[PDB]
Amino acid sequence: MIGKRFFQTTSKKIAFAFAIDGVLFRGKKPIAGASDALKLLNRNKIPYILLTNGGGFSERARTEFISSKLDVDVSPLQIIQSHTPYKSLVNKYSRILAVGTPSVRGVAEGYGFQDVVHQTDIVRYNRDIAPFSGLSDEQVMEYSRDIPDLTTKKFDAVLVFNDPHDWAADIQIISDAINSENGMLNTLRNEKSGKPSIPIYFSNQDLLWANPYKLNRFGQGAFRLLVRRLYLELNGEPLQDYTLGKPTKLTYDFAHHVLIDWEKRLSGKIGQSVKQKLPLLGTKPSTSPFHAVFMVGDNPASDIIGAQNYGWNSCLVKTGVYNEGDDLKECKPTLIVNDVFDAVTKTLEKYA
């Protein structure tokens, strides 16, 4: 690094994986320096991915939005959102309750799930299932659909894609499913268990996240704690669930595959028109071309501990969840810096 320019010093490959909320954006507004940071990497063909516990729309839709806001080209191949690894569950669960904002229905169908039911479809079917739903009539008409065989075909899993926006209904409906008789709507099992009636996946355990507001807000990790609390109260055993998203090894392994394939494309070893193969859930990449990968994040409990457990390096920024002075617990970030631009420039200068 020299002033604003980068200068390759070695053939050793360094890569970055960026969180988005609290690192590149707050809400829909870019963080100062975020555009400059990715422009520098693009200019010098340094591989990076966006590894975010956010979600709600398709990978293409989200990267097109980011590209336009940051004035830089980000490929849909560069992003892993919280629910992206759900692509690998499509052959496992025929009918899913896809929980999230109403846009997750389209995301789930796009991934290939055979029979997607959104939680608003159950409110639509019978308002009295969710007595504390806030949905107005206009919202029910926009969000929900009549579903064939809603009450005669079992649900096979609950997949939480992102945070839904009507939690008294969302929590009631999830609880109904995981305490049902073998996943049939309108049923309740006789026997208590730590094992839910059908499996339930959460894609993000972030208790807190940084949106436009000056104070950290609860995220899906908080939602998960709430579902779990009521499950325990009804069963007397903690809920056996599945978790994906940072800091899980499941998500880091998936992300690592994506990064490896991206670098092959970036370096011209693979054509821009070659379809990308979905990584197998639970598998470590065969190779790893990177001398180091730096996770750039704002949340010690997600980004930093996730990178650390995985064996990646990490930059902790101060533009999101973390404020200087906060207890890092067992986190030892490789660098702590003000913002994403400083993260990239200081990492390249030190480690490249």
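Residue numbers here begin at 1 and follow the sequence given.
As the entry records it, the average C-alpha temperature factor is higher for 185-193, out of 185-193 and 78-86. Higher mean CA temperature factor, per the PDB entry, when comparing 275-283 with 215-223: 275-283.
Residue set 30, 297, 54, 325: peak C-alpha B-factor at 325 (per PDB entry). Residue set 265, 165, 105, 127: peak C-alpha B-factor at 265 (per PDB entry). Among the modelled residues of the chain, residue 175 sits in the middle third by CA temperature factor in this PDB entry. The entry lists a Cα temperature factor for residue 63 that places it in the lowest third of the chain's modelled residues.
The entry lists a Cα temperature factor for residue 321 that places it in the lowest third of the chain's modelled residues. In the deposited entry, the Cα temperature factor of residue 92 sits in the top third of values across the chain's modelled residues. Per-chain ranking of the deposited C-alpha B factor places residue 270 in the highest third.
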